[PDB]
Amino acid sequence: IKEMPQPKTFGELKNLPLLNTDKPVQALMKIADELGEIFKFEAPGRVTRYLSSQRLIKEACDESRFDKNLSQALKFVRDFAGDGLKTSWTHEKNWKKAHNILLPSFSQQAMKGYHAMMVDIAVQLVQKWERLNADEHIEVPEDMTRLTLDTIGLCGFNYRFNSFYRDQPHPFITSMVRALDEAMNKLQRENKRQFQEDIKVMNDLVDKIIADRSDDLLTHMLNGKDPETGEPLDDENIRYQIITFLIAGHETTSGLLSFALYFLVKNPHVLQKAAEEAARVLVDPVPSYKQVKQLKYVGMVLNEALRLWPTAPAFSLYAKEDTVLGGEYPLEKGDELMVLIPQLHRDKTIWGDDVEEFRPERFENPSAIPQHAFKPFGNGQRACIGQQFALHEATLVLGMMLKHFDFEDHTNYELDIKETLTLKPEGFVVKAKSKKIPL
Amino acid sequence: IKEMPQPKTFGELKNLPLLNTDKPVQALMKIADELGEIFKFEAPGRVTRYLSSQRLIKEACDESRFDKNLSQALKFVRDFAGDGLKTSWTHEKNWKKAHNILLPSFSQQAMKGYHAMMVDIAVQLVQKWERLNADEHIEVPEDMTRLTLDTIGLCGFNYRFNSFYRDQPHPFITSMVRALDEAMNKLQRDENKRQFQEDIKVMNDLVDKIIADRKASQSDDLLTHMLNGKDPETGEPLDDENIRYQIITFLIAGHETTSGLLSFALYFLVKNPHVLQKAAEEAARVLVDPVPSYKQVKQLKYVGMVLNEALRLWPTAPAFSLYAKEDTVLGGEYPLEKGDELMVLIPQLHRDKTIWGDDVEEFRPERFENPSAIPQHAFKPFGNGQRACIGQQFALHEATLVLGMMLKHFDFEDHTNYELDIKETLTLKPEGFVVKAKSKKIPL
Ligand code: HEM
Ligand code: HEM
Ligand SMILES: O=C(CCCCCn1ccnc1)N[C@@H](Cc1ccccc1)C(=O)O
Ligand SMILES: O=C(CCCCCn1ccnc1)N[C@@H](Cc1ccccc1)C(=O)O
C-alpha cells in the first residue's frame with residue numbers, strides 16, 4: 001500500500017556514505033525526524049528499514065513474526081565474540097544452551113551474591129573522588145568505565161582489572177576497544193594485522209582468567225548444565241561468553257551512569273530529589289542489597305536517562321515469514337528491520353509533546369507505560385540478560401555518589417555525544433564537593 | 001523513640017465517639033492541627049495511626065515496607081463490592097488477575113476510544129445549561145454527579161443512566177448511595193441492616209441486567225475486557241462472580257470522586273477570578289472546534305493544573321490505609337510491629353507547610369508547573385504504588401474535557417457568594433454550591 005521514504009543516495013554506494021560520519025546514530029535520528037516512522041536504507045548488498053514509532057515497533061517486537069537479526073555491527077563483533085549470547089543467532093544450538101545455563105546467574109535473586117563485590121568497586125570510586133585536591137575535576141565517563149569494567153571483572157570472573165590504579169586502561173580494554181573501533185570503522189568504510197593482534201590479546205587474558213580455575217559467572221559457565229540437552233558449555237563457547245560479558249557487561253553501563261550524572265547536574269530540581277532519597281535510604285557506611293532496591297527515584301532517574309540516550313541505541317530484526325507491517329508495508333521472509341531506540345523513546349504520541357525534557361517522574365508508576373514504548377534492553381527472549389545486573393550496579397553507584405558528594409557543572413558542559421557502537425557524553429567533567437560522610 | 005500523642009478518649013469507647021460527627025475527615029484534620037504529624041487513634045478492637053506529614057508518608061509509601069490495608073470503611077464497602085479491585089487485598093488472587101486484565105482498558109492510550117462517549121455526556125451538560133431560563137441557577141455537585149455517573153455508565157458498559165432526563169436518580173444510584181451511606185454510618189456508630197440488603201439487591205439487579213443486555217447485543221468498553229480479557233500470567237479470564245463485583249466497583253469508584261473534583265474545581269475558579277480568567281483563556285485558545293478532540297484535551301495544560309490544585313486542597317477520596325509488612329521504624333523514632341495499621345490523612349498531607357510554603361490555603365495551580373520540583377509522595381490524591389487509582393487517567397481526562405467545555409461556553413457568577421460547606425460521605429463534596437452561567441452563545 002504505502003511507499004516507504006528513503007534518504008539521499010550516493011550513486012552506486014546508495015545510502016552507505018550517510019554512515020561515513022562520526023555520529024551515525026544522531027545522523028539517523030535526524031533522518032527519522034525528516035522522514036517519519038519508517039524509512040528504507042540501502043547499501044551495496046544490503047537493504048534494511050529503520051523504525052521509529054511505537055506503532056510499528058510493537059509489531060516488530062512480536063516474536064512470532066520477527067526474530068533477532070545480526071546487524072553488520074554485531075557481525076563484526078562476532079569476529080571475536082563468536083557464538084556468545086549477544087552475537088549468536090537464535091537458531092544456533094549454543095544460544096539457547098548458554099541462555100538456559102546463564103539465566104539463573106542473572107536473576108534479581110542472583111544480585112545478592114554479586115552485591116558485595118559491586119560495593120568493593122563502588123567504594124574504590126568514592127575514595128578516589130574523596131582524595132582529589134581542591135579545584136581538581138572528575139572525568140566522568142572515564143571513571144564510570146573504570147568502575148563498570150572492574151565490577152564485571154570482579155563480580156563475573158573474580159578478576160581484578162585494578163582500573164583505579166592506572167592512567168592507561170588495562171591491556172585488555174585497548175585491544176578490545178581497538179577491536180570494537182575496527183568493527184565500527186569497517187561499517188563506515190595493516191588494520192587487519194592489528195585486528196588479529198588485539199583478538200589474541202583478548203583471548204590471552206581469557207585463557208588467563210580460566211587457567212587457575214566462587215560466587216560469580218565463571219562458576220556457572222564451567223559447572224552449569226543445560227537442562228534441555230544436559231550438556232555444559234564447551235571450552236570454545238566459554239571463551240566467547242567471557243569476551244561477550246566483558247564487553248556487554250561494562251560499556252553500555254558506564255554510558256548510562258555518565259548520562260545520568262549529566263542530566264542530574266543539568267536539572268537541579270531532579271538532583272535534589274535523588275540526593276534526598278540517597279541520604280534517607282543509605283543510612284549505613286556500606287549500602288546493603290535491600291537498601292539499593294529502596295532507591296526508587298534513583299531508578300526512575302536511570303530509566304529516564306535510558307529513555308533519552310539508550311546506550312545500546314539499536315537492534316535488528318528479520319521477518320520469519322511473509323507479513324505486512326502496520327497494515328501498509330508488506331515484507332518478505334528474511335526482510336530486515338532496525339529499531340532506532342532513541343527515536344522510539346521520543347514518540348510524541350506515547351510520551352507527549354515534551355519528549356526532549358528530562359523528567360524522571362514519567363516513570364513514577366511503571367504501569368502507565370504502554371507496551372514496547374520503552375526498549376533500552378532489547379526485546380523478548382533476546383532481551384538483555386544483564387538488565388538487572390546493570391540497573392543494580394548503576395543504582396548502587398549513583399546512590400553512593402549522591403550520598404557522598406555535591407556536584408558542580410563548573411565548565412557548563414555542552415553535551416557532545418561520542419559514538420562507538422555505544423553512546424557516551426565525551427568530555428563530561430564535574431567537580432565534587434565531599435559531604436564528608438565516612439565509609 | 002518518641003511516644004506519639006492521642007486525642008481525647010471516652011472510657012471504653014476510646015477515640016471512637018470522635019468519629020460520631022457529620023464531618024469526620026475535617027474533624028481529624030483539626031486533631032492533626034493540634035497534635036501534629038502523627039497521632040494514635042483507638043476504637044474497641046481497633047488501633048491505627050493517622051499520618052499528616054510528607055516526612056512520614058513518604059516512608060509509608062515504600063511498598064517494600066507497607067501494603068494496602070482495608071480500612072473499616074472499605075471493609076463495609078466490601079460487603080457489596082466483594083473482591084473487586086478497590087476492596088480486595090493485594091494478596092488475593094483476584095486482585096492481580098483483575099489488575100492485569102483491566103489495565104489495558106485504562107491506559108492513557110485507551111482514553112481515545114472512550115473520548116466520543118465522554119463528549120456525548122458533556123454535550124448534554126452544556127445543552128442543559130444553555131437551556132436554562134434567565135435568573136435560573138445551576139446546582140453544581142448535582143449536575144457534576146449526573147455527568148460522571150452517565151459517563152462511567154456509557155463509557156464503561158454502554159448503558160445510559162440518562163441522568164439529565166431525571167430529577168430523581170436512577171434506582172441503582174439511590175440504593176448505591178444509601179448503601180454507601182449505611183457503610184459510613186456503621187463507622188461512627190436495627191432495621192438499617194434490612195434496608196442494606198434490599199439496596200444490595202437493587203445494585204446486583206442492574207448489574208445482572210447490564211450483563212444480560214450486553215450478551216444479547218462486542219463494544220470497545222470495560223465490560224468487553226471484563227468478559228473477554230485474559231490474565232497474561234495464568235491465561236484465565238475473570239469468573240462471573242468477580243465480574244459483577246468489578247461492575248459494582250467501577251460504577252461506585254468511577255463517578256463520585258470525579259464529580260467532587262469537578263465541583264471543587266469550579267468552586268475554586270469562581271472564588272479566584274484571575275485563575276478562572278487564565279483557565280478560560282486556555283479553553284478558548286485550544287478548543288477551536290465545536291466538539292473537543294482527544295488531542296485538544298491533552299493540550300489543556302492549565303486546566304489540568306487547576307484540577308491538580310483542587311485535588312491538593314480537597315482530595316475527594318480523603319484517605320487510604322496501610323499495614324506494615326514487617327517490623328519497621330517510621331521516621332527513625334516511631335517503631336511499628338508487623339501488622340500495625342496506618343491512615344494517610346490526604347487533605348492534611350497536602351497542607352504540609354514544609355512542602356508547599358506558607359500559602360498552603362491559597363488556590364494557585366502554578367504549583368504544579370514542574371512535577372520535578374515537588375518532593376516525593378507530597379501529592380497523593382490517587383493513592384500509592386500498585387494499589388493506586390486505576391481510573392486516574394479516566395478521571396482526569398473526563399474532568400479536563402468537561403471543565404474545558406464549561407469554561408469555553410459560559411461565564412460563571414457566584415451570585416449567592418457561596419460559603420464553602422463540605423458534606424462528607426466516604427467522599428467530599430461542596431454541598432449547596434450553586435452558580436449562574438451566562439452563555440457565550442458559541443454553538444456546538
Ligand atoms: C545500561 C546497561 C545495558 C544496556 C543499555 C544494554 C542493552 C542491551 C540490548 C539493547 C541488548 C539486545 C541486543 C540485540 O537485540 O541485538 C542487550 C543484550 C545483551 N546484553 Fe546488555 N545492556 C546493558 C548491560 C549489560 C550487562 C551489565 C551485561 C552483562 C552482565 C549485558 C549482557 C548482555 C548480553 C549477554 C546480551 C545478549 C543476550 C542474548 O541475546 O541472549 N548487558 N543488551
Ligand atoms: C477524581 C477522581 C478520583 C479520585 C480522587 C480517586 C481516588 C482513588 C484513591 C485514593 C484510590 C486508592 C484507594 C486506597 O488506597 O484504598 C483509588 C483506587 C481506585 N479507583 Fe479511584 N479515584 C478517582 C477516580 C476513579 C475512576 C474514574 C475510576 C474508574 C473508572 C476509579 C476506580 C478505582 C479503582 C478500581 C481503584 C482500586 C485500584 C486497585 O486497588 O487496584 N477511580 N481511587
Ligand atoms: O545502526 C546500527 C548500530 C547498532 C549497534 C548496536 C550494537 N550493540 C547492541 C548491544 N550492544 C552493542 N548498525 C547498522 C548500520 C548499518 C546499516 C546499513 C548498512 C551498514 C550498516 C548495522 O550495523 O547494520
Ligand atoms: O478515615 C477513613 C476514611 C475512608 C476513606 C475513603 C475510601 N475511598 C477510597 C476511594 N474511594 C473511597 N476511614 C477510617 C475511619 C475509622 C478509624 C478508626 C476506627 C473506625 C473508623 C476507617 O474506615 O477505618
Side-chain angles (χ1 to χ4, degrees), chain A residues 68-71 74 84-86 88 90 95 98-99 102 106 148 152 155-156 217 241 244-245 248-250 252-253 255-256 302 306 310-312 314-316 341 375-379 381-387 389-391 393-394 422, chain B residues 15-16 19 24-25 28 41-43 46 48 50 68-77 84-86 88 90 95 98-99 102 106 148 152 155-156 187-188 222 246 249-250 252-258 260-261 307 311 315-322 343 345-346 380-384 386-392 394-396 398-399 426-427:
Chain A
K68 164 160 173 160
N69 176 54
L70 292 195
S71 63
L74 284 182
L85 281 174
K86 191 201 280 154
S88 53
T90 303
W95 178 76
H99 175 80
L102 291 185
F106 274 113
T148 65
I152 187 60
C155 290
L217 283 176
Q241 306 297 353
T244 301
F245 280 101
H250 90 270
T252 47
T253 303
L256 165 56
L302 287 167
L306 286 180
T311 49
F315 56 96
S316 188
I341 313 182
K375 304 296 268 185
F377 294 105
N379 181 72
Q381 68 183 339
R382 297 312 300 274
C384 169
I385 199 183
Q387 173 176 342
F389 188 103
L391 285 178
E393 183 186 358
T422 67
Chain B
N15 296 120
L16 188 65
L19 304 177
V25 168
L28 289 154
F41 195 98
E42 278 184 308
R46 172 96 177 272
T48 194
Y50 280 87
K68 162 159 175 159
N69 178 51
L70 290 196
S71 61
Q72 195 62 60
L74 284 176
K75 287 181 176 172
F76 288 144
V77 172
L85 275 177
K86 198 199 290 170
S88 53
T90 302
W95 177 75
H99 172 78
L102 293 183
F106 277 111
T148 63
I152 186 58
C155 291
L187 302 164
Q188 47 201 18
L222 264 185
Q246 304 299 348
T249 296
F250 280 99
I252 299 170
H255 89 276
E256 80 173 321
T257 48
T258 301
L261 166 56
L307 292 167
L311 284 179
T316 46
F320 56 95
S321 189
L322 308 156
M343 290 305 293
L345 193 53
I346 310 178
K380 306 300 274 185
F382 293 103
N384 184 70
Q386 65 181 341
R387 298 312 302 272
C389 168
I390 202 181
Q392 176 177 348
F394 189 101
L396 287 180
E398 178 182 358
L426 295 183
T427 65

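Each ligand, and each atom within it, is numbered from 1 in the order the structure gives. Atom set for the values below is all heavy atoms of this structure, side chains included, hydrogens, waters and symmetry mates excluded. Residue numbers start from 1 in every chain, and the chains themselves are labelled A, B, ... in the order their sequence lines are given, proteins ahead of strands.
- Close approach to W95(B) involves these atoms of ligand 2, each under 4.0 Å from a residue heavy atom: 39 (C), 40 (O), 41 (O).
- For ligand 1, the atoms closer than 4.0 angstrom to any heavy atom of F389(A) are 27 (C).
- Here the closest heavy-atom approach between residue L70(B) and residue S88(B) is recorded as CD2-O, 4.3 Å.
- Taking CG of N69(A) as the reference point, atom CZ of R382(A) lies at 10.5 Å (rounded to 0.5 Å).
- Residue contact check: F320(B) has heavy atoms under 4.0 Å from atoms 14 (C), 15 (O), 16 (O) of ligand 2.
- Between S71(B) and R46(B), the shortest heavy-atom distance links the atoms CA-NH2, 4.4 Å.
- Going from atom CG of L426(B) over to atom CZ of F76(B) covers 10.5 Å, rounded to the nearest 0.5 Å.
- Taking every heavy atom of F106(B) and a limit of under 4.0 angstrom, the matching atoms of ligand 2 come to 30 (C).
- For atom 39 (C) of ligand 2, the nearest protein heavy atom (residue, atom name, distance) is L85(B) O, 3.5 Å.
- Counting all heavy atoms, side chain and backbone alike, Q246(B) lies closest to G84(B) at NE2-CA, 3.5 Å.
- Not close to ligand 1: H99(A), with no non-hydrogen atom less than 4.0 angstrom away.
- A distance-only check finds no donor-acceptor pair linking the side chain of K68(A) to the backbone of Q381(A) [under 3.5 Å].
- Residue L261(B) holds its CG atom at 11.5 Å from OG1 of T427(B), rounded to the nearest 0.5 Å.
- Counting the atoms of ligand 2 from 1 in the order shown, those under 4.0 Å from a heavy atom of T316(B) are 5 (C).
- Listed here is the closest heavy atom pair of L85(A) and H99(A): CD2-N, 3.6 Å.
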Find all protein N or O atoms under 3.5 angstrom from an N or O atom of ligand 4 and list the pairs with distances, or write 'none'.
| residue | atom | partner | partner atom | Å |
| --- | --- | --- | --- | --- |
| ligand 4 | 23 (O) | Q72(B) | N | 3.2 |
| ligand 4 | 23 (O) | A73(B) | N | 2.6 |
| ligand 4 | 24 (O) | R46(B) | NH1 | 2.8 |
| ligand 4 | 24 (O) | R46(B) | NH2 | 2.7 |
| ligand 4 | 24 (O) | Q72(B) | N | 3.0 |

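- Summary of contacts: the protein heavy atom closest to atom 13 (C) of ligand 1 is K68(A) NZ, 3.8 Å.
- For an aromatic pair to be called close, the ring centres must be under 6.0 Å apart, and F250(B) with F106(B) satisfies this.
- Here the CD-CD1 distance, from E393(A) to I152(A), works out to 8.0 Å after rounding to the nearest 0.5 Å.
- Residue contacts with ligand 2 for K380(B) are absent, since no atom lies close enough (heavy atoms, distance under 4.0 Å).
- Nearest heavy-atom pair across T316(B) and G260(B) is CG2-C, 3.5 Å.
- Of the heavy atoms in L391(A), none comes closer than 4.0 Å to ligand 1.
- The shortest heavy-atom contact between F320(B) and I346(B) is CD2-CD1, 3.6 Å.
- With a heavy-atom cut-off of 4.0 Å, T253(A) touches ligand 1 through backbone and side chain alike.
- Contact annotation: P376(A) has at least one heavy atom less than 4.0 Å from an atom of ligand 1.
- Every atom of ligand 2 is numbered from 1 in the order shown, and the set under 4.0 Å from a heavy atom of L74(B) is 16 (O).
- When hydrogens are left out, the protein atom nearest atom 40 (O) of ligand 1 is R382(A) NE, 2.8 Å; that is the closest non-hydrogen contact.
- In this structure, the side chain of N15(B) engages the main chain of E42(B) through a donor-acceptor pair within 3.5 Å.
- Contacts of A383(A) with ligand 1, taken as heavy-atom pairs under 4.0 Å, involve the backbone alone.
- Distances from ligand 1 to the non-hydrogen atoms of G156(A) include no value under 4.0 Å.
- Atoms of ligand 1 found under 4.0 Å from any heavy atom of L256(A) (numbered from 1 in listed order, with element): 1 (C).
- Interatomic distance, NE2 of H250(A) versus OG1 of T253(A), reported as 9.0 Å (0.5 Å rounding).
- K86(B) contributes atom NZ, which lies 7.5 Å from atom CG of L74(B) (distance to the nearest 0.5 angstrom).
- Within the sub-2.8 Å shell of atom 21 (Fe) of ligand 1, the protein contributes these N/O/S atoms: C384(A) SG.
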